[PDB]
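Quick notes on the structure that follows.
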Amino acid sequence: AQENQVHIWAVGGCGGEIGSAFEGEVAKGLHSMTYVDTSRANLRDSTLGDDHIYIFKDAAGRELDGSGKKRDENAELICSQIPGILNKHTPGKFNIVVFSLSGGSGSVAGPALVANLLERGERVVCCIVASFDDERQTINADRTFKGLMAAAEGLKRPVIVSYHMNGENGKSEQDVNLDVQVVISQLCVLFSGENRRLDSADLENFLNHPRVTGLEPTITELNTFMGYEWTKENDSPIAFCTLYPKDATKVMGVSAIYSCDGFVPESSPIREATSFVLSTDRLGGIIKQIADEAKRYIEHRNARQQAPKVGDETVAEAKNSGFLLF
Ligand SMILES: Nc1nc2c(ncn2[C@@H]2O[C@H](COP(=O)(O)CP(=O)(O)OP(=O)(O)O)[C@@H](O)[C@H]2O)c(=O)[nH]1
(Lines give C-alpha, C1' and ligand atoms only; values in the text may rest on other atoms or scores of the structure.)
Protein backbone atom coordinates (compact mmCIF):
# COMPACT_ATOMS: atom_id res chain seq x y z
CA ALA A 1 0.00 0.00 0.00
CA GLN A 2 2.38 2.69 -1.25
CA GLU A 3 2.88 4.94 -4.26
CA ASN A 4 4.74 3.15 -7.05
CA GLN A 5 6.36 6.15 -8.76
CA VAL A 6 9.73 5.35 -7.14
CA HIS A 7 10.63 1.87 -5.87
CA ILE A 8 13.55 1.26 -3.51
CA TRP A 9 15.04 -2.25 -3.35
CA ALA A 10 17.02 -2.79 -0.14
CA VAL A 11 19.13 -5.83 -1.04
CA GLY A 12 21.15 -7.53 1.67
CA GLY A 13 21.94 -6.38 5.17
CA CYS A 14 23.77 -3.27 3.97
CA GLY A 15 20.87 -2.35 1.69
CA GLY A 16 18.28 -2.98 4.38
CA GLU A 17 20.13 -0.93 6.98
CA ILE A 18 20.73 1.93 4.54
CA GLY A 19 17.08 2.01 3.50
CA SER A 20 15.66 1.78 7.02
CA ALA A 21 15.54 5.60 7.08
CA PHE A 22 12.99 5.70 4.24
CA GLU A 23 10.23 3.80 6.07
CA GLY A 24 8.58 7.05 7.13
CA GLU A 25 8.61 8.20 3.51
CA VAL A 26 6.78 5.01 2.55
CA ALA A 27 4.29 5.76 5.32
CA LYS A 28 3.82 9.22 3.78
CA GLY A 29 3.33 7.85 0.25
CA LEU A 30 6.47 9.43 -1.21
CA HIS A 31 7.68 6.09 -2.60
CA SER A 32 7.33 2.33 -2.28
CA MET A 33 10.09 0.18 -0.83
CA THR A 34 10.78 -3.56 -0.88
CA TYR A 35 13.25 -5.40 1.34
CA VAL A 36 15.05 -8.25 -0.44
CA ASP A 37 17.41 -10.40 1.61
CA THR A 38 18.43 -13.98 2.28
CA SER A 39 18.23 -13.39 6.05
CA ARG A 40 15.85 -11.67 8.46
CA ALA A 41 18.51 -10.96 11.11
CA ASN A 42 18.74 -7.26 10.22
CA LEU A 43 14.97 -6.91 9.72
CA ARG A 44 13.83 -7.65 13.28
CA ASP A 45 12.39 -4.18 13.99
CA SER A 46 11.31 -2.74 10.63
CA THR A 47 8.15 -0.65 10.63
CA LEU A 48 7.10 -1.92 7.19
CA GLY A 49 4.96 -5.04 7.20
CA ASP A 50 5.92 -8.43 5.85
CA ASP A 51 4.09 -7.64 2.61
CA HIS A 52 7.02 -5.34 1.77
CA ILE A 53 9.60 -7.96 2.84
CA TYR A 54 10.75 -10.87 0.68
CA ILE A 55 13.17 -13.49 2.03
CA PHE A 56 14.76 -16.05 -0.27
CA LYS A 57 13.72 -19.68 0.18
CA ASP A 58 15.51 -22.94 -0.56
CA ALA A 59 14.10 -25.97 -2.38
CA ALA A 60 12.14 -27.07 0.71
CA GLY A 61 10.30 -23.74 0.79
CA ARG A 62 12.15 -22.71 3.96
CA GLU A 63 13.60 -19.22 4.27
CA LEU A 64 17.39 -19.05 4.14
CA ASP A 65 19.60 -17.65 6.90
CA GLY A 66 22.20 -15.69 4.95
CA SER A 67 24.96 -16.59 2.52
CA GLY A 68 27.93 -15.75 4.76
CA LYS A 69 29.85 -13.81 2.08
CA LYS A 70 29.71 -16.87 -0.21
CA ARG A 71 28.25 -15.67 -3.51
CA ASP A 72 28.13 -19.12 -5.12
CA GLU A 73 26.44 -20.74 -2.11
CA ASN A 74 22.91 -19.65 -3.07
CA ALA A 75 23.43 -17.95 -6.44
CA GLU A 76 21.24 -20.49 -8.26
CA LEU A 77 18.32 -20.06 -5.87
CA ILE A 78 18.58 -16.27 -6.04
CA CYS A 79 18.65 -16.21 -9.84
CA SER A 80 15.70 -18.61 -9.92
CA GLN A 81 13.63 -16.59 -7.43
CA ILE A 82 14.30 -13.11 -8.86
CA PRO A 83 11.30 -13.14 -11.27
CA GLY A 84 8.96 -14.07 -8.42
CA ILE A 85 10.11 -10.97 -6.54
CA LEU A 86 9.21 -8.76 -9.49
CA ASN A 87 5.83 -10.47 -9.86
CA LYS A 88 4.93 -10.11 -6.18
CA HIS A 89 6.34 -6.58 -5.84
CA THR A 90 5.53 -4.59 -8.96
CA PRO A 91 8.65 -2.60 -9.95
CA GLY A 92 8.21 1.14 -9.85
CA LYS A 93 8.54 3.43 -12.83
CA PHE A 94 12.00 4.33 -11.51
CA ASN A 95 13.85 1.77 -9.39
CA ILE A 96 16.69 2.39 -6.93
CA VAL A 97 18.40 -0.92 -6.13
CA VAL A 98 20.67 -0.58 -3.08
CA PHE A 99 23.18 -3.36 -2.44
CA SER A 100 26.73 -4.02 -1.28
CA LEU A 101 29.35 -5.59 -3.53
CA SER A 102 31.10 -7.33 -0.62
CA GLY A 103 28.30 -9.43 0.87
CA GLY A 104 27.38 -12.88 -0.34
CA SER A 105 23.69 -12.03 -0.75
CA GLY A 106 23.38 -8.36 -1.68
CA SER A 107 26.14 -8.62 -4.27
CA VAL A 108 24.20 -11.42 -6.00
CA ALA A 109 20.54 -10.44 -5.66
CA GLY A 110 21.45 -6.83 -6.47
CA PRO A 111 22.97 -7.40 -9.90
CA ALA A 112 20.32 -10.04 -10.60
CA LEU A 113 17.58 -7.51 -9.86
CA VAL A 114 19.33 -4.87 -11.98
CA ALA A 115 19.78 -7.23 -14.93
CA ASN A 116 16.18 -8.48 -14.78
CA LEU A 117 14.81 -4.93 -14.57
CA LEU A 118 16.99 -3.78 -17.47
CA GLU A 119 15.92 -6.77 -19.56
CA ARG A 120 12.26 -6.00 -18.81
CA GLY A 121 12.83 -2.43 -20.02
CA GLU A 122 12.55 -0.81 -16.60
CA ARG A 123 14.59 2.21 -15.51
CA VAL A 124 16.94 1.29 -12.66
CA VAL A 125 19.66 3.30 -10.90
CA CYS A 126 21.84 1.39 -8.46
CA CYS A 127 23.25 2.58 -5.14
CA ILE A 128 26.40 0.62 -4.37
CA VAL A 129 28.53 0.40 -1.22
CA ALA A 130 31.79 -1.55 -1.56
CA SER A 131 33.90 -2.71 1.39
CA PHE A 132 37.50 -3.95 1.50
CA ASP A 133 37.94 -5.19 5.07
CA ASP A 134 38.51 -8.89 4.33
CA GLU A 135 39.98 -10.72 1.35
CA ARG A 136 36.65 -12.44 0.71
CA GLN A 137 34.92 -9.04 0.68
CA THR A 138 37.44 -7.64 -1.81
CA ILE A 139 37.15 -10.66 -4.12
CA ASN A 140 33.35 -10.48 -3.95
CA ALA A 141 33.41 -6.76 -4.76
CA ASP A 142 35.72 -7.33 -7.74
CA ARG A 143 33.56 -10.18 -9.04
CA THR A 144 30.36 -8.16 -8.63
CA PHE A 145 31.80 -5.11 -10.38
CA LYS A 146 33.02 -7.28 -13.26
CA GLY A 147 29.59 -8.89 -13.44
CA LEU A 148 27.88 -5.50 -13.54
CA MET A 149 30.19 -4.36 -16.34
CA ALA A 150 29.47 -7.58 -18.23
CA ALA A 151 25.73 -7.07 -17.71
CA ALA A 152 25.98 -3.51 -19.05
CA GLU A 153 27.86 -4.73 -22.12
CA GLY A 154 25.63 -7.74 -22.77
CA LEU A 155 22.26 -6.12 -22.14
CA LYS A 156 23.07 -3.20 -24.48
CA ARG A 157 21.86 -0.88 -21.73
CA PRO A 158 23.98 1.10 -19.26
CA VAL A 159 24.04 0.10 -15.60
CA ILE A 160 23.95 3.39 -13.69
CA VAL A 161 25.85 3.02 -10.42
CA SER A 162 26.16 5.37 -7.44
CA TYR A 163 29.50 4.10 -6.18
CA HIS A 164 30.49 4.57 -2.53
CA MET A 165 33.43 3.40 -0.43
CA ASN A 166 33.39 2.28 3.20
CA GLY A 167 37.00 3.19 3.94
CA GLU A 168 37.15 6.41 1.91
CA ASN A 169 38.63 9.33 3.88
CA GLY A 170 38.33 7.25 7.04
CA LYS A 171 34.54 7.53 7.01
CA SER A 172 32.54 5.17 9.20
CA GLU A 173 29.58 3.11 8.02
CA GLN A 174 27.21 5.76 9.38
CA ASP A 175 28.72 8.47 7.17
CA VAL A 176 28.47 6.24 4.10
CA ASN A 177 24.86 5.50 5.02
CA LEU A 178 24.15 9.23 5.25
CA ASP A 179 25.76 9.80 1.85
CA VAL A 180 23.70 7.02 0.26
CA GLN A 181 20.57 8.37 1.95
CA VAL A 182 21.22 11.82 0.49
CA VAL A 183 21.75 10.31 -2.96
CA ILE A 184 18.55 8.25 -2.67
CA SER A 185 16.52 11.25 -1.50
CA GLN A 186 17.80 13.33 -4.41
CA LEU A 187 16.98 10.51 -6.84
CA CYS A 188 13.49 10.19 -5.36
CA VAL A 189 12.88 13.92 -5.79
CA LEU A 190 14.22 13.71 -9.35
CA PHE A 191 12.08 10.66 -10.17
CA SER A 192 8.90 11.94 -8.49
CA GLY A 193 7.54 13.13 -11.84
CA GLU A 194 6.33 16.40 -10.30
CA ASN A 195 9.06 18.56 -11.87
CA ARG A 196 7.70 21.22 -14.20
CA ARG A 197 9.96 20.91 -17.25
CA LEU A 198 10.99 17.25 -16.90
CA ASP A 199 9.14 14.51 -18.78
CA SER A 200 9.23 10.73 -18.60
CA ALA A 201 10.92 10.56 -22.02
CA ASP A 202 13.64 12.94 -20.83
CA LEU A 203 14.45 10.67 -17.88
CA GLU A 204 14.28 7.58 -20.10
CA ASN A 205 16.86 9.08 -22.46
CA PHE A 206 18.92 10.26 -19.48
CA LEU A 207 19.12 6.82 -17.86
CA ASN A 208 19.42 4.97 -21.19
CA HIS A 209 21.98 7.46 -22.44
CA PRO A 210 23.16 5.62 -25.63
CA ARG A 211 19.70 6.29 -27.09
CA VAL A 212 20.68 9.94 -27.64
CA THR A 213 24.43 10.07 -27.04
CA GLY A 214 25.18 7.12 -29.31
CA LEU A 215 28.07 5.96 -27.13
CA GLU A 216 28.78 2.33 -26.29
CA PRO A 217 26.50 0.99 -23.52
CA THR A 218 28.69 0.41 -20.46
CA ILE A 219 28.53 0.84 -16.70
CA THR A 220 27.91 4.51 -15.90
CA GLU A 221 28.61 6.45 -12.71
CA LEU A 222 26.13 8.85 -11.11
CA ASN A 223 27.31 11.91 -9.18
CA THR A 224 25.07 14.45 -7.46
CA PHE A 225 26.10 18.05 -6.78
CA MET A 226 24.54 21.16 -5.25
CA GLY A 227 25.21 24.61 -6.63
CA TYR A 228 27.37 25.48 -9.62
CA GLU A 229 30.87 24.73 -8.31
CA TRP A 230 30.86 21.27 -9.90
CA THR A 231 31.10 22.79 -13.40
CA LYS A 232 34.86 23.31 -13.03
CA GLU A 233 35.74 19.67 -12.35
CA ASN A 234 33.15 17.86 -14.49
CA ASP A 235 32.98 20.20 -17.48
CA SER A 236 32.78 17.23 -19.89
CA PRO A 237 30.19 14.68 -18.74
CA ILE A 238 28.25 12.25 -20.88
CA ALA A 239 24.96 13.71 -19.65
CA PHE A 240 23.55 15.68 -16.73
CA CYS A 241 20.09 16.65 -15.48
CA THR A 242 19.63 19.65 -13.18
CA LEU A 243 16.69 20.57 -10.95
CA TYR A 244 16.40 24.26 -10.13
CA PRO A 245 14.43 26.05 -7.40
CA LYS A 246 12.28 29.08 -8.19
CA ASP A 247 14.09 31.82 -10.16
CA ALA A 248 17.39 29.94 -10.21
CA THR A 249 20.09 30.71 -12.76
CA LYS A 250 20.99 27.96 -15.21
CA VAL A 251 24.26 26.01 -15.26
CA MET A 252 26.86 27.21 -17.77
CA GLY A 253 30.26 26.01 -18.90
CA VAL A 254 29.26 22.33 -19.05
CA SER A 255 29.61 20.66 -22.46
CA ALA A 256 27.55 17.45 -22.37
CA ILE A 257 26.23 15.25 -25.16
CA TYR A 258 22.84 15.20 -23.42
CA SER A 259 21.27 17.54 -20.88
CA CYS A 260 17.93 17.94 -19.11
CA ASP A 261 16.38 20.65 -16.97
CA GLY A 262 13.70 20.56 -14.30
CA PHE A 263 12.06 22.89 -11.82
CA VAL A 264 11.35 21.95 -8.21
CA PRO A 265 7.87 22.74 -6.82
CA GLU A 266 7.68 25.52 -4.25
CA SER A 267 6.79 23.00 -1.52
CA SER A 268 9.53 20.50 -2.37
CA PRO A 269 12.58 20.22 -0.04
CA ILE A 270 15.07 21.58 -2.58
CA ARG A 271 16.61 25.01 -1.96
CA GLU A 272 19.60 25.01 -4.34
CA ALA A 273 20.15 23.63 -7.82
CA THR A 274 20.82 19.88 -7.76
CA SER A 275 22.56 18.15 -10.66
CA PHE A 276 22.76 14.46 -11.57
CA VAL A 277 25.87 13.88 -13.69
CA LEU A 278 26.66 10.72 -15.67
CA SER A 279 30.28 9.94 -16.52
CA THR A 280 32.54 6.96 -17.17
CA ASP A 281 35.93 8.69 -16.95
CA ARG A 282 36.27 7.82 -13.24
CA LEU A 283 35.48 4.11 -13.70
CA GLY A 284 39.12 3.33 -14.44
CA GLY A 285 40.18 4.65 -11.05
CA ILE A 286 37.53 2.54 -9.31
CA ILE A 287 38.63 -0.59 -11.17
CA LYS A 288 42.29 0.13 -10.39
CA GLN A 289 41.51 0.62 -6.69
CA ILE A 290 39.59 -2.66 -6.54
CA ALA A 291 42.44 -4.43 -8.34
CA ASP A 292 44.95 -2.89 -5.92
CA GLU A 293 42.96 -4.18 -2.95
CA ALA A 294 42.74 -7.63 -4.54
CA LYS A 295 46.48 -7.64 -5.26
CA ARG A 296 47.30 -6.56 -1.70
CA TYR A 297 45.15 -9.32 -0.23
CA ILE A 298 46.55 -11.92 -2.64
CA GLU A 299 50.13 -10.96 -1.75
CA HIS A 300 49.15 -11.23 1.92
CA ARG A 301 47.59 -14.65 1.23
CA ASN A 302 50.61 -16.09 -0.59
CA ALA A 303 52.70 -15.28 2.50
CA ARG A 304 50.56 -17.52 4.72
CA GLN A 305 52.67 -20.11 6.50
CA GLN A 306 51.79 -23.65 5.45
CA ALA A 307 49.62 -25.38 8.03
CA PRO A 308 51.41 -28.24 9.84
CA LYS A 309 50.05 -31.35 8.14
CA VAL A 310 50.06 -34.74 9.81
CA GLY A 311 51.66 -37.61 7.94
CA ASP A 312 49.76 -39.46 5.24
CA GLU A 313 50.85 -42.71 6.88
CA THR A 314 49.42 -41.25 10.09
CA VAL A 315 46.09 -40.77 8.30
CA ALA A 316 46.40 -44.42 7.30
CA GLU A 317 46.98 -45.10 11.00
CA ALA A 318 43.78 -43.11 11.69
CA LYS A 319 41.42 -45.18 9.53
CA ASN A 320 39.57 -46.28 12.67
CA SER A 321 36.33 -44.54 13.58
CA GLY A 322 36.82 -41.35 15.56
CA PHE A 323 40.32 -40.79 14.11
CA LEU A 324 41.98 -42.16 17.25
CA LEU A 325 45.58 -43.23 16.77
CA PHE A 326 45.72 -45.29 20.00
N1 LIG B 1 28.28 1.38 4.96
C2 LIG B 1 27.74 0.22 5.37
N3 LIG B 1 28.40 -0.90 5.24
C4 LIG B 1 27.73 -1.97 5.71
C5 LIG B 1 26.47 -2.01 6.27
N6 LIG B 1 26.14 -3.28 6.62
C7 LIG B 1 27.16 -4.00 6.27
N8 LIG B 1 28.16 -3.25 5.71
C9 LIG B 1 29.43 -3.73 5.21
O10 LIG B 1 29.24 -4.60 4.15
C11 LIG B 1 29.92 -5.84 4.35
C12 LIG B 1 28.94 -6.97 4.61
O13 LIG B 1 28.10 -7.04 3.49
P14 LIG B 1 26.47 -7.23 3.72
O15 LIG B 1 26.10 -6.59 5.03
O16 LIG B 1 25.74 -6.78 2.48
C17 LIG B 1 26.42 -9.04 3.91
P18 LIG B 1 24.92 -9.96 3.36
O19 LIG B 1 23.75 -9.21 3.96
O20 LIG B 1 24.95 -10.11 1.86
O21 LIG B 1 25.15 -11.35 4.14
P22 LIG B 1 24.02 -12.09 5.19
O23 LIG B 1 24.13 -11.24 6.46
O24 LIG B 1 24.52 -13.52 5.38
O25 LIG B 1 22.70 -11.93 4.46
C26 LIG B 1 30.90 -5.60 5.50
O27 LIG B 1 32.12 -5.05 5.07
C28 LIG B 1 30.17 -4.51 6.30
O29 LIG B 1 30.99 -3.67 7.05
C30 LIG B 1 25.75 -0.80 6.42
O31 LIG B 1 24.64 -0.61 6.89
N32 LIG B 1 26.49 0.28 5.92
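Values below: all heavy atoms of this structure, side chains included; hydrogens, waters and symmetry mates excluded. In each ligand, atom 1 is the first atom listed, and ligand 1 is the first ligand listed. Residue numbers count from 1 along this sequence.
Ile238 belongs to a hydrophobic cluster whose other members, connected by ILVMFWY side-chain contacts under 4.5 Å either directly or through intermediates, are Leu215, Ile257.
Side-chain N or O atoms of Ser185 include none that pairs as donor or acceptor with a backbone N or O of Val182 at under 3.5 Å.
Pairs passing the ring-ring contact (aromatic ring centres under 6.0 Å, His included) check and including a residue from residues 266-311, sequence neighbours excluded, do not occur.
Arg71 and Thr144 share a side-chain donor-acceptor pair at under 3.5 Å.
Partners of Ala248 under the side-chain contact (heavy atoms from CB on, under 4.5 Å) rule, at least two apart in sequence or in another chain, are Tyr228, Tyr244, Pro245.
For ligand 1, the protein residues placed under 4.0 Å by at least one non-hydrogen atom are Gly12, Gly13, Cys14, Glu17, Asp37, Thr38, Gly66, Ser67, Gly68, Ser100, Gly103, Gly104, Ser105, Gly106, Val129, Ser131, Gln137, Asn166, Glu173, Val176, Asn177.
Between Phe240 and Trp230, the gap from one ring centroid to the other is short of 6.0 Å.
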